[PDB]
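Comments concern the structure below.
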Amino acid sequence: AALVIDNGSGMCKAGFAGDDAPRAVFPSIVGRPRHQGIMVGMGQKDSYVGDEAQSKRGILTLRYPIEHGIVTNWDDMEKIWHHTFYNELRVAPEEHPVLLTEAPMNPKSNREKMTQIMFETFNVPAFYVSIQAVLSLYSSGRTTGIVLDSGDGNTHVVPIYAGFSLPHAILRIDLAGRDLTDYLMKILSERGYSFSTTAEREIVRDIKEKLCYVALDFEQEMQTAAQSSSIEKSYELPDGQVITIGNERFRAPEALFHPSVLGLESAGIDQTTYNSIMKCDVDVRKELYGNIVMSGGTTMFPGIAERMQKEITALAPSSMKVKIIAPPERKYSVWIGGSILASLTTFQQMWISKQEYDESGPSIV
Amino acid sequence: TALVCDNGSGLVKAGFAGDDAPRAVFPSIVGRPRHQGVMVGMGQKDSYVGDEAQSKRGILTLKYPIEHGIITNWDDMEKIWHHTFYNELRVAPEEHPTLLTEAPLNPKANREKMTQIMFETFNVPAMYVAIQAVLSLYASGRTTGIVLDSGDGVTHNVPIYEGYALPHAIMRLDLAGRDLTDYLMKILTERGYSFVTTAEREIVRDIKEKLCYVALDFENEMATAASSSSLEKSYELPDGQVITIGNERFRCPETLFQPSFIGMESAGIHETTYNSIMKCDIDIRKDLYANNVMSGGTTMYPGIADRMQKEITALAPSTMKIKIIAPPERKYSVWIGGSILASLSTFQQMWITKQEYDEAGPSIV
Amino acid sequence: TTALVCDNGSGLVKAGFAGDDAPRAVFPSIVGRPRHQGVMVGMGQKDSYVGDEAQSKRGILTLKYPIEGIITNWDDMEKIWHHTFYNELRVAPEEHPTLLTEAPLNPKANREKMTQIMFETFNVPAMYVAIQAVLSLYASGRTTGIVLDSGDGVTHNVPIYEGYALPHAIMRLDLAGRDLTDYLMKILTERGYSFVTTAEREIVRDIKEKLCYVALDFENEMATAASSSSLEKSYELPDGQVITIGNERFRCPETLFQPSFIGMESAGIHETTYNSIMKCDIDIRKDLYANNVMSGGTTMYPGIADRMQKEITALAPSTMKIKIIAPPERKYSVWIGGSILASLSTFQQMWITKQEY
């Protein structure tokens, strides 16, 4: 079988071809000690990656080696792959077709650095890099669709048509899953809280993924949350105390549509989808309007799909069938789209041979 | 039965002898690569032809084998016939006698090339080449009449008498269905808004085929535009931009009466009918004035008949009554009268056979 | 006192006084009207801003360009025009005859309201509004010819004879300067870059000025670029990295001739020129063909002239002298015309004074 590894700027997702759900699910973090010891509690390995690094973040120095879906630090990237094989999946790369990802608007050198390391250190027999969005469309069941692959680090909007992405309109916004939490960190603090350190900030992260929601109208809900305790949500902090979280529950999602609250010189995710359709040709626009693949964990907060449907029919023509497509498995969308693609008997001929790499180099992708 | 084909400059109509409506109508479009390559899901196809080429665009040149009523590219024209037989009509050429139609002035070199190919590249058991305006007259129910076949690349004035074209009066003006479109585009961009955009060809010819009309009096009308919104007709483009077009709505189809509106120098179709009907004998001029039939594509427009009549009333001495017959089927007539003629029994001994071709070669046509 | 001239397009206004041969206030005709409650990283919060500071304001003020080759937004136009006579030109309207230019096809309804506003909201003692490219041919020292006027928003062909651009043949094409930047932007984006915000976009436009060209033949150029490094013209990006670009350099403005690169089929600048010369009658054609004249921010592109020498000849019957004249001044020639024309003693009795109105 093959391997499929979505190298996510928060969470990476490895596994084999053909499986439905990712086999190695892990944060892309490399932990290296301030000073290596010899024993547990001091730190005895030169590198601890992901979940082990997370429990051990005191002696370690944590870093997330991938920023906006561009790997900044290729040392730590290799370190992550080396983990995934022997430590996680419990496999050996030279035995394996490996399929990895890249975020659209990834530069040549950045690909080529990766494409080399897989075929020079890891000596894998077959390797394919792929475009996170075209893989999301393949998980959707389409040749054509505009795709808000709003990740944790990077929100990329892609208008795909007949398998090709029109990068032509791939507009990017620089807020996404992380930028959301760190707004909620500010605004819970405003409601008399102390969330500052990682432990406390991760409490903010969990509040976000559980209790939060995107209002269908920002006004009706401000007025209501200033009055009825229906919006109020109780939360058990792991120390013992139940607290209640209030209007922050929607105003923190509303950063996506009004970046202004963060103080970002951008327009909302919705407005960008419109500009990404309008920056395409008149014919394809009707399908893009009907085939908005919502994808990724950022597009998971309650009300968000329905909210996008609303604002986008008002941006779109009075004659338009806007339709959001929203998978429940959107958090691993790119991975399932990859899984199918790796497993495809047809697509087998696109498996870049170890030979053609050794004659053509990394530029062929 | 046998098969019949109106090869337009941009609309090939096909089918059999004995049906009153064309079995296949596709644009004469030939799509060739902008580089050898692929589109995802398909492979590399030999070429494109017709709707398939058009409805995608992107990857191709989009040429045409026929321009101005004459066949200019040949390889492409053969590819189209390949797409007419197996692909459109679902037949093999060798079983079915074929009729195809030419321009009234069409070169003897062209006709020899055409009847060559049909019995060599295709090997059809019998063929006929027929003559565009003349066949339309047959479909119009008349032996005799000066027809005005404005196809896609030209109008054609032809003094038909007793089932025969009179050559020395066969007028032809290089401005029609095609030159009339692109002009309508630029004039809406002159007006208000960017009417420029690739798909907006088909959008702004749909406008041409509806909102356009040949103003009955240009001088009155250009002023009436400046008086009343009466002329202004709105159009929602697929994006929902409810635009409105006004004086240009006529200012385009009027090109046929005033060629200066695109940029041909020639006096207009009224005068080209007058100056052909003059190249006839004084005697056959009355019948021509009573059986004057408009044919082809560009004859669609609201007003184009009465405009002709009025114009030829200025041009005619007081006595001579001009009578224009606008056909209900007009864009198809040249197919229609071909089929009906090809099914007319006796005509079985009035085809060109495979045999007299293997003997006489192209010189029979 | 002396008169004033203010040329308006979708991008750069030029304002100034008559007499001088060189425009005074050239700025982005951008207003920024408050979007919501926001505060600048610098300034406190205040209302609508015109010009360069609005570009630096981008996220607190919604940014309009009041002119899309025609005046779309009326209050916004006035907003600029106060900022013109006052903040730019440092004078007052009551003392000052003023000429505003305009894009040729401008609807009557615009013109009537344009006259009103400036006599009323502003109160200039007399004024004029005037057909852009006619003032380009005039700044070109000609009684005849055809200007191809193309800049930040709209592109034009005006076949002029003895005072008049032939109206019906003034061909327009809305593919022009922003269309070029936003293409050049998308190309580099596809390669793994992304601008969006404020600085980086503007950088991409500066690249358009330095690296871009239209080559005579696009297929021979398409080849050499992809073949050999000659064309690989670098630039030093504000982060550090050299973006090398060879094909894209010429590829970007090719949209003027082959617009289909972005997605446009309506007739290219060349074909519009053939068809305006034709869209007239037939004799004057020669000294249209022999005085194809370029003006406006886009015609700045190198190579463009040699290319049109091909691009018209291809269709024009053999014995027509095709000649493409392009001034070095070109981006301002509508003002440079308008100053000299405003200053004309002969033209004094055509200054519509506040009494006739």
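Chains: A, B, ... in order of the structure tokens. Residues: from 1 per chain. Ligands: from 1, in order shown.
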
- Task: Within 8 Å of residue 277 (chain B), counting only C-alpha atoms, which residues show up once you throw out same-chain ones fewer than 5 positions away? Write them as a list in words, please.
- Result: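 The filter keeps residues 146, 159, 169, 285 and 288 of chain B.
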
Okay, now the selection with N, CA, C and O atoms, as a compact mmCIF listing (two decimals), in the first residue's frame?
```txt
# COMPACT_ATOMS: atom_id res chain seq x y z
N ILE B 146 -34.48 36.05 -56.34
CA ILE B 146 -33.20 36.57 -55.91
C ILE B 146 -33.33 36.46 -54.40
O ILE B 146 -34.26 36.99 -53.77
N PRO B 159 -29.56 35.87 -58.34
CA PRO B 159 -30.74 35.79 -59.21
C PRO B 159 -31.05 34.41 -59.77
O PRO B 159 -30.54 33.98 -60.82
N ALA B 169 -24.57 38.08 -61.52
CA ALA B 169 -25.17 38.98 -60.57
C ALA B 169 -24.98 38.52 -59.13
O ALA B 169 -25.34 39.25 -58.22
N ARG B 285 -36.22 40.68 -63.84
CA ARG B 285 -36.26 41.61 -62.72
C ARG B 285 -37.59 41.72 -62.00
O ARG B 285 -37.61 41.91 -60.78
N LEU B 288 -38.00 38.38 -59.64
CA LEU B 288 -37.03 38.66 -58.59
C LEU B 288 -37.56 39.65 -57.56
O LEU B 288 -37.50 39.37 -56.36
```

- From region 71-305 of chain B, collect each residue whose DSSP state is strand (DSSP E) and return the set as a ChimeraX atom specification. /B:71,98-102,126-131,145-150,155-161,164-165,171-173,233-236,242-245,292-296

Just write the chosen residues, N, CA and C atoms, as a short mmCIF file (atom, residue, chain, number, x, y, z; two decimals), in the first residue's frame.
```cif
data_model
loop_
_atom_site.label_atom_id
_atom_site.label_comp_id
_atom_site.auth_asym_id
_atom_site.auth_seq_id
_atom_site.Cartn_x
_atom_site.Cartn_y
_atom_site.Cartn_z
N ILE B 71 -14.65 27.49 -48.04
CA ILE B 71 -13.78 26.64 -47.23
C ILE B 71 -12.33 27.08 -47.40
N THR B 98 -24.18 11.17 -49.41
CA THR B 98 -24.09 12.36 -48.59
C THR B 98 -24.32 13.52 -49.54
N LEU B 99 -24.96 14.57 -49.04
CA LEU B 99 -25.12 15.82 -49.76
C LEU B 99 -24.49 16.84 -48.83
N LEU B 100 -23.69 17.75 -49.37
CA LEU B 100 -23.07 18.83 -48.61
C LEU B 100 -23.33 20.09 -49.41
N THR B 101 -23.40 21.30 -48.83
CA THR B 101 -23.63 22.54 -49.59
C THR B 101 -22.55 23.64 -49.54
N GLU B 102 -22.36 24.24 -50.72
CA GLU B 102 -21.32 25.22 -51.02
C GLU B 102 -21.83 26.67 -51.09
N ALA B 126 -22.63 7.62 -52.57
CA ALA B 126 -22.93 8.69 -53.50
C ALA B 126 -22.80 10.03 -52.80
N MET B 127 -22.39 11.08 -53.51
CA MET B 127 -22.39 12.41 -52.95
C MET B 127 -23.09 13.45 -53.82
N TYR B 128 -23.51 14.55 -53.20
CA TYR B 128 -23.88 15.75 -53.93
C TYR B 128 -23.32 16.95 -53.18
N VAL B 129 -22.84 17.93 -53.94
CA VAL B 129 -22.60 19.27 -53.40
C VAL B 129 -23.74 20.14 -53.91
N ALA B 130 -24.45 20.87 -53.05
CA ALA B 130 -25.53 21.74 -53.51
C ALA B 130 -25.16 23.19 -53.23
N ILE B 131 -26.02 24.18 -53.49
CA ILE B 131 -25.61 25.59 -53.47
C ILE B 131 -26.50 26.44 -52.56
N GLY B 145 -36.09 33.36 -57.93
CA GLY B 145 -36.07 34.37 -56.89
C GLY B 145 -34.64 34.75 -56.56
N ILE B 146 -34.48 36.05 -56.34
CA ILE B 146 -33.20 36.57 -55.91
C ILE B 146 -33.33 36.46 -54.40
N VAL B 147 -32.44 35.60 -53.92
CA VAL B 147 -32.28 35.28 -52.51
C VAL B 147 -31.13 36.10 -51.92
N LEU B 148 -31.20 36.32 -50.61
CA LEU B 148 -30.22 37.10 -49.87
C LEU B 148 -29.71 36.21 -48.73
N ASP B 149 -28.84 35.23 -49.01
CA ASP B 149 -28.34 34.31 -48.00
C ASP B 149 -27.22 34.97 -47.20
N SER B 150 -27.61 35.52 -46.04
CA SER B 150 -26.64 35.96 -45.06
C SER B 150 -26.43 34.88 -44.02
N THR B 155 -23.30 37.96 -46.71
CA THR B 155 -24.56 37.81 -47.42
C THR B 155 -24.26 37.35 -48.84
N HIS B 156 -25.28 36.78 -49.48
CA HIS B 156 -25.26 36.33 -50.87
C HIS B 156 -26.57 36.58 -51.62
N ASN B 157 -26.46 37.54 -52.56
CA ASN B 157 -27.51 37.87 -53.53
C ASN B 157 -27.30 37.02 -54.78
N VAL B 158 -28.32 36.26 -55.17
CA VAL B 158 -28.22 35.29 -56.27
C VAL B 158 -29.49 35.29 -57.13
N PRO B 159 -29.56 35.87 -58.34
CA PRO B 159 -30.74 35.79 -59.21
C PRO B 159 -31.05 34.41 -59.77
N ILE B 160 -31.81 33.65 -58.99
CA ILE B 160 -32.21 32.33 -59.42
C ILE B 160 -33.41 32.44 -60.34
N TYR B 161 -33.29 31.73 -61.46
CA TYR B 161 -34.31 31.64 -62.49
C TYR B 161 -34.37 30.17 -62.92
N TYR B 164 -31.98 27.75 -61.54
CA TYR B 164 -30.59 28.03 -61.81
C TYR B 164 -30.16 29.38 -61.29
N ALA B 165 -29.02 29.37 -60.59
CA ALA B 165 -28.28 30.58 -60.30
C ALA B 165 -27.74 31.28 -61.55
N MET B 171 -23.93 38.45 -55.96
CA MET B 171 -23.29 39.34 -55.01
C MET B 171 -23.12 38.63 -53.68
N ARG B 172 -22.18 39.21 -52.96
CA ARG B 172 -21.61 38.62 -51.77
C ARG B 172 -20.91 39.77 -51.05
N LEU B 173 -21.22 40.08 -49.79
CA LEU B 173 -20.58 41.19 -49.09
C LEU B 173 -19.93 40.62 -47.83
N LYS B 233 -32.91 48.17 -23.55
CA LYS B 233 -33.25 46.83 -23.10
C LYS B 233 -32.19 46.31 -22.15
N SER B 234 -32.68 45.86 -21.01
CA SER B 234 -31.79 45.35 -19.99
C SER B 234 -31.40 43.90 -20.21
N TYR B 235 -30.24 43.50 -19.65
CA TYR B 235 -29.79 42.11 -19.70
C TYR B 235 -28.96 41.70 -18.48
N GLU B 236 -29.50 40.75 -17.72
CA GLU B 236 -28.75 40.11 -16.66
C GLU B 236 -27.73 39.14 -17.23
N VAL B 242 -27.33 43.21 -14.03
CA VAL B 242 -28.43 43.73 -14.83
C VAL B 242 -27.92 44.98 -15.54
N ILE B 243 -27.42 44.80 -16.76
CA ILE B 243 -26.98 45.92 -17.57
C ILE B 243 -28.13 46.46 -18.41
N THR B 244 -27.93 47.55 -19.13
CA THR B 244 -28.88 47.98 -20.14
C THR B 244 -28.11 48.59 -21.31
N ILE B 245 -28.64 48.13 -22.45
CA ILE B 245 -28.13 48.51 -23.75
C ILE B 245 -29.21 49.28 -24.50
N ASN B 292 -38.40 37.66 -53.53
CA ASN B 292 -37.11 37.98 -52.94
C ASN B 292 -37.01 37.32 -51.57
N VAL B 293 -36.22 36.26 -51.38
CA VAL B 293 -36.16 35.55 -50.10
C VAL B 293 -34.89 35.72 -49.25
N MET B 294 -35.01 36.17 -48.00
CA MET B 294 -33.82 36.27 -47.15
C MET B 294 -33.43 34.90 -46.59
N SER B 295 -32.17 34.47 -46.58
CA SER B 295 -31.80 33.17 -46.02
C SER B 295 -30.57 33.27 -45.13
N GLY B 296 -30.36 32.23 -44.31
CA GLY B 296 -29.13 32.08 -43.55
C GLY B 296 -29.28 32.49 -42.10
#
```

- Write out as an MDAnalysis selection string each polymer residue whose atoms come within 6 Å of region 87-96 of chain C, counting only C-alpha atoms; drop sequence neighbours fewer than 5 positions from it. chainID C and resid 3 25 123:125

Could those residues be written to a file, using N, CA, C and O atoms, as a PDB file, in the first residue's frame?
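Ended up saving to part13.pdb:
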```
ATOM      1  N   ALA C   3      -5.806  80.145 -15.063  1.00  0.00           N
ATOM      2  CA  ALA C   3      -6.745  79.037 -15.064  1.00  0.00           C
ATOM      3  C   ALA C   3      -6.123  77.797 -14.432  1.00  0.00           C
ATOM      4  O   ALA C   3      -4.918  77.771 -14.199  1.00  0.00           O
ATOM      5  N   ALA C  25      -0.371  68.658  -9.441  1.00  0.00           N
ATOM      6  CA  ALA C  25      -0.793  67.664  -8.476  1.00  0.00           C
ATOM      7  C   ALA C  25      -1.241  66.378  -9.148  1.00  0.00           C
ATOM      8  O   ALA C  25      -2.354  66.247  -9.663  1.00  0.00           O
ATOM      9  N   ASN C 123     -17.806  76.942  -7.109  1.00  0.00           N
ATOM     10  CA  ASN C 123     -17.952  78.351  -7.486  1.00  0.00           C
ATOM     11  C   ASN C 123     -16.809  79.003  -8.248  1.00  0.00           C
ATOM     12  O   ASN C 123     -16.510  80.191  -8.094  1.00  0.00           O
ATOM     13  N   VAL C 124     -16.173  78.224  -9.131  1.00  0.00           N
ATOM     14  CA  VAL C 124     -15.203  78.764 -10.085  1.00  0.00           C
ATOM     15  C   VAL C 124     -15.818  79.878 -10.939  1.00  0.00           C
ATOM     16  O   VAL C 124     -16.973  79.711 -11.331  1.00  0.00           O
ATOM     17  N   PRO C 125     -15.214  81.024 -11.288  1.00  0.00           N
ATOM     18  CA  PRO C 125     -15.883  82.099 -12.018  1.00  0.00           C
ATOM     19  C   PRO C 125     -16.292  81.730 -13.438  1.00  0.00           C
ATOM     20  O   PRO C 125     -17.218  82.305 -13.999  1.00  0.00           O
TER      21      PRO C 125
END
```

- Which of these residues is nearest to residue 364 (chain A), using only C-alpha atoms: A:219, A:120, A:112, A:206?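 That would be A:112, the residue with the smallest distance to residue 364 (chain A).
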
- Distance filter 12 Å, only C-alpha atoms, chain B against chain C, as a VMD selection string: chain B and resid 34 to 35 57 to 62 179 181 to 205 222 226 to 227 247 to 248 251 to 252 255 258 to 267

Please dump the current selection as a compact mmCIF listing (two decimals), in the first residue's frame; keep N, CA and C atoms.
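As written to disk, again-v4.txt reads:
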```txt
# COMPACT_ATOMS: atom_id res chain seq x y z
N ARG B 34 -3.00 24.61 -27.44
CA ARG B 34 -2.07 25.71 -27.19
C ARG B 34 -0.68 25.29 -26.71
N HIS B 35 -0.60 24.01 -26.35
CA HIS B 35 0.59 23.19 -26.14
C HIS B 35 0.02 21.78 -26.04
N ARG B 57 -13.36 26.06 -23.88
CA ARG B 57 -12.30 27.03 -24.13
C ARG B 57 -10.98 26.66 -23.41
N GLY B 58 -10.33 27.49 -22.58
CA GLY B 58 -8.96 27.28 -22.11
C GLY B 58 -7.86 26.89 -23.11
N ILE B 59 -7.84 25.60 -23.41
CA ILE B 59 -6.68 24.87 -23.90
C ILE B 59 -6.41 24.94 -25.41
N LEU B 60 -7.14 25.78 -26.12
CA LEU B 60 -7.22 25.64 -27.56
C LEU B 60 -7.16 26.95 -28.31
N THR B 61 -6.97 26.80 -29.62
CA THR B 61 -6.95 27.93 -30.55
C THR B 61 -8.32 28.38 -31.02
N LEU B 62 -9.22 27.41 -31.24
CA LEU B 62 -10.58 27.63 -31.74
C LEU B 62 -10.59 28.37 -33.08
N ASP B 179 -18.90 39.12 -37.98
CA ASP B 179 -18.47 40.51 -37.80
C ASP B 179 -19.48 41.34 -37.02
N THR B 181 -21.13 40.22 -34.43
CA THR B 181 -21.09 39.93 -32.99
C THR B 181 -20.12 40.83 -32.26
N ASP B 182 -18.86 40.75 -32.69
CA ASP B 182 -17.73 41.43 -32.07
C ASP B 182 -17.94 42.93 -32.03
N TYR B 183 -18.52 43.48 -33.10
CA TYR B 183 -19.01 44.84 -33.02
C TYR B 183 -20.00 45.03 -31.87
N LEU B 184 -21.03 44.19 -31.66
CA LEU B 184 -21.94 44.38 -30.53
C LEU B 184 -21.22 44.39 -29.18
N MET B 185 -20.17 43.57 -29.02
CA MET B 185 -19.35 43.61 -27.81
C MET B 185 -18.73 44.99 -27.53
N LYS B 186 -17.94 45.50 -28.50
CA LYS B 186 -17.20 46.73 -28.28
C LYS B 186 -18.14 47.90 -28.01
N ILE B 187 -19.31 47.94 -28.66
CA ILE B 187 -20.25 49.03 -28.43
C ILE B 187 -20.95 49.10 -27.05
N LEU B 188 -21.08 47.96 -26.37
CA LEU B 188 -21.52 47.93 -24.98
C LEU B 188 -20.44 48.35 -23.99
N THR B 189 -19.19 48.03 -24.36
CA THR B 189 -18.04 48.57 -23.67
C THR B 189 -17.87 50.07 -23.92
N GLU B 190 -18.35 50.58 -25.06
CA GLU B 190 -18.32 52.01 -25.36
C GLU B 190 -19.28 52.78 -24.48
N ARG B 191 -20.51 52.28 -24.49
CA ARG B 191 -21.54 52.61 -23.51
C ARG B 191 -21.01 52.70 -22.08
N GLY B 192 -20.89 51.57 -21.38
CA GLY B 192 -20.84 51.65 -19.93
C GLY B 192 -19.74 50.81 -19.33
N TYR B 193 -19.85 49.50 -19.60
CA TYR B 193 -19.30 48.48 -18.72
C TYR B 193 -18.35 47.59 -19.51
N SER B 194 -17.41 46.91 -18.84
CA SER B 194 -16.54 45.95 -19.51
C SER B 194 -17.25 44.74 -20.12
N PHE B 195 -17.72 44.96 -21.35
CA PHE B 195 -18.21 43.87 -22.17
C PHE B 195 -17.06 43.40 -23.01
N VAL B 196 -16.25 42.54 -22.39
CA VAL B 196 -15.03 42.10 -23.05
C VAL B 196 -14.77 40.60 -23.01
N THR B 197 -15.37 39.86 -22.07
CA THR B 197 -14.76 38.65 -21.49
C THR B 197 -15.01 37.23 -21.99
N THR B 198 -14.01 36.55 -22.58
CA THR B 198 -14.15 35.34 -23.41
C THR B 198 -15.46 34.59 -23.63
N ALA B 199 -16.14 34.25 -22.53
CA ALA B 199 -17.48 33.68 -22.53
C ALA B 199 -18.53 34.69 -23.00
N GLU B 200 -18.38 35.95 -22.60
CA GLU B 200 -19.10 37.09 -23.16
C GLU B 200 -19.13 37.19 -24.68
N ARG B 201 -18.44 36.36 -25.45
CA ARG B 201 -18.77 36.17 -26.85
C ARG B 201 -20.19 35.62 -27.02
N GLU B 202 -20.39 34.44 -26.42
CA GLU B 202 -21.63 33.72 -26.53
C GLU B 202 -22.73 34.45 -25.79
N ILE B 203 -22.35 35.13 -24.71
CA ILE B 203 -23.29 35.99 -24.01
C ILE B 203 -23.71 37.15 -24.91
N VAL B 204 -22.76 37.86 -25.53
CA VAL B 204 -23.13 39.03 -26.31
C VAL B 204 -23.51 38.65 -27.75
N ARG B 205 -23.50 37.38 -28.18
CA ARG B 205 -24.26 37.02 -29.36
C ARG B 205 -25.68 36.59 -28.99
N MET B 222 -31.43 57.26 -33.88
CA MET B 222 -30.27 57.68 -33.10
C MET B 222 -30.63 58.84 -32.17
N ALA B 226 -31.67 59.26 -27.75
CA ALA B 226 -31.42 60.41 -26.90
C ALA B 226 -32.70 61.02 -26.34
N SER B 227 -33.87 60.66 -26.88
CA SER B 227 -35.15 61.07 -26.30
C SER B 227 -35.62 60.14 -25.19
N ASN B 247 -28.83 52.50 -27.90
CA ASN B 247 -28.78 52.79 -29.35
C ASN B 247 -28.00 51.76 -30.17
N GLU B 248 -27.01 51.17 -29.50
CA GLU B 248 -26.15 50.16 -30.07
C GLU B 248 -26.86 48.88 -30.46
N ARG B 251 -27.46 49.73 -33.70
CA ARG B 251 -26.20 50.19 -34.29
C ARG B 251 -25.26 49.09 -34.78
N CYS B 252 -25.33 47.94 -34.12
CA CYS B 252 -24.84 46.68 -34.64
C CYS B 252 -25.60 46.14 -35.86
N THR B 255 -25.19 47.55 -39.48
CA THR B 255 -23.99 47.27 -40.28
C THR B 255 -24.22 46.69 -41.67
N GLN B 258 -25.55 49.85 -43.52
CA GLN B 258 -24.42 50.77 -43.48
C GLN B 258 -23.16 49.98 -43.10
N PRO B 259 -22.38 49.38 -44.01
CA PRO B 259 -21.15 48.65 -43.68
C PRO B 259 -20.05 49.41 -42.95
N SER B 260 -20.09 50.74 -43.13
CA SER B 260 -19.29 51.69 -42.35
C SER B 260 -19.42 51.50 -40.84
N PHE B 261 -20.53 50.93 -40.35
CA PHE B 261 -20.68 50.62 -38.94
C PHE B 261 -19.73 49.56 -38.38
N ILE B 262 -19.22 48.64 -39.21
CA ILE B 262 -18.05 47.92 -38.78
C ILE B 262 -16.86 48.54 -39.48
N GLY B 263 -16.82 48.62 -40.82
CA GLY B 263 -15.60 49.05 -41.47
C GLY B 263 -15.38 48.52 -42.87
N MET B 264 -16.35 47.80 -43.44
CA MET B 264 -16.33 47.57 -44.87
C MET B 264 -16.70 48.89 -45.52
N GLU B 265 -16.22 49.15 -46.73
CA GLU B 265 -16.51 50.40 -47.40
C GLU B 265 -17.80 50.31 -48.18
N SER B 266 -18.09 49.10 -48.67
CA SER B 266 -19.20 48.86 -49.58
C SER B 266 -20.52 49.44 -49.09
N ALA B 267 -21.23 50.02 -50.06
CA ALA B 267 -22.67 50.23 -49.92
C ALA B 267 -23.39 48.95 -49.48
```

- Message: Using only C-alpha atoms and a cut-off of 7 Å, which residues of chain B sit close to chain A? Please list them as a list in words.
- Response: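 Contact residues on the first chain: residues 39, 40, 199, 238, 239 and 240 of chain B.
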
Preceding selection exported with N, CA and C atoms as a short mmCIF file (atom, residue, chain, number, x, y, z; two decimals), in the first residue's frame:
```cif
data_model
loop_
_atom_site.label_atom_id
_atom_site.label_comp_id
_atom_site.auth_asym_id
_atom_site.auth_seq_id
_atom_site.Cartn_x
_atom_site.Cartn_y
_atom_site.Cartn_z
N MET B 39 -6.14 17.69 -19.80
CA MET B 39 -7.11 18.24 -18.86
C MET B 39 -7.56 17.11 -17.94
N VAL B 40 -7.73 17.31 -16.62
CA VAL B 40 -7.74 16.18 -15.68
C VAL B 40 -9.00 15.32 -15.72
N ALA B 199 -16.14 34.25 -22.53
CA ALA B 199 -17.48 33.68 -22.53
C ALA B 199 -18.53 34.69 -23.00
N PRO B 238 -24.86 36.24 -16.48
CA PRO B 238 -24.89 35.18 -15.46
C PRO B 238 -24.46 35.54 -14.03
N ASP B 239 -23.64 36.59 -13.92
CA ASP B 239 -23.14 37.12 -12.66
C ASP B 239 -24.17 38.02 -11.98
N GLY B 240 -25.21 38.42 -12.70
CA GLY B 240 -26.33 39.15 -12.13
C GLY B 240 -26.25 40.64 -12.41
#
```

- Message: Report, in Å to a single decimal, how far apart CA of residue 9 (chain B) and CA of residue 153 (chain B) are.
- Response: 6.4 Å

Please produce, as a Markdown table, a per-residue contact table for chain A versus chain C (criterion: any atom at most 9 Å away, only C-alpha atoms considered), showing the nearest atom pair and its distance in Å to one decimal, sorted by chain then residue number.
```
| residue | atom | partner | partner_atom | distance |
| --- | --- | --- | --- | --- |
| A:104 | CA | C:192 | CA | 7.0 |
| A:105 | CA | C:192 | CA | 3.4 |
| A:106 | CA | C:192 | CA | 4.2 |
| A:107 | CA | C:192 | CA | 4.2 |
| A:108 | CA | C:191 | CA | 7.3 |
| A:166 | CA | C:190 | CA | 8.6 |
| A:167 | CA | C:190 | CA | 5.2 |
| A:168 | CA | C:186 | CA | 5.1 |
| A:169 | CA | C:186 | CA | 6.8 |
| A:170 | CA | C:189 | CA | 7.6 |
| A:171 | CA | C:196 | CA | 7.6 |
| A:172 | CA | C:194 | CA | 7.3 |
| A:173 | CA | C:196 | CA | 8.3 |
| A:260 | CA | C:59 | CA | 7.1 |
| A:261 | CA | C:38 | CA | 8.4 |
| A:263 | CA | C:38 | CA | 7.7 |
| A:264 | CA | C:59 | CA | 6.8 |
| A:265 | CA | C:59 | CA | 4.2 |
| A:266 | CA | C:59 | CA | 6.7 |
| A:267 | CA | C:59 | CA | 8.5 |
| A:279 | CA | C:262 | CA | 9.0 |
| A:280 | CA | C:263 | CA | 8.2 |
| A:281 | CA | C:263 | CA | 6.3 |
| A:282 | CA | C:263 | CA | 8.8 |
```

- Task: Provide the CA of residue 228 (chain C) to CA of residue 365 (chain A) distance in Å, to one decimal place.
- Result: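 Atom-to-atom, CA of residue 228 (chain C) and CA of residue 365 (chain A) are spaced 21.0 Å apart.
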
- Using DSSP on the backbone coordinates, identify all residues within region 145-320 of chain B classified as alpha helix (DSSP H); present the result as a PyMOL selection string. chain B and resi 179-191+200-208+218-227+248-251+269-279+285-290+304-315

- Quick one: of A:48, A:357, A:301, A:16, who's nearest to residue 91 (chain A), counting only C-alpha atoms?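 Selected residue with least distance to residue 91 (chain A): A:16.
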
- Between CA of residue 307 (chain A) and CA of residue 217 (chain A) - distance in Å to one decimal: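 It comes out at 8.6 Å.
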
- Message: Can you tell me which residues surround residue 114 (chain A) at a distance of at most 10 Å, considering only C-alpha atoms, apart from same-chain residues fewer than 6 positions away, and format the answer as a list in words?
- Response: residues 71, 74, 77, 78, 100, 101, 102, 120, 129 and 362 of chain A
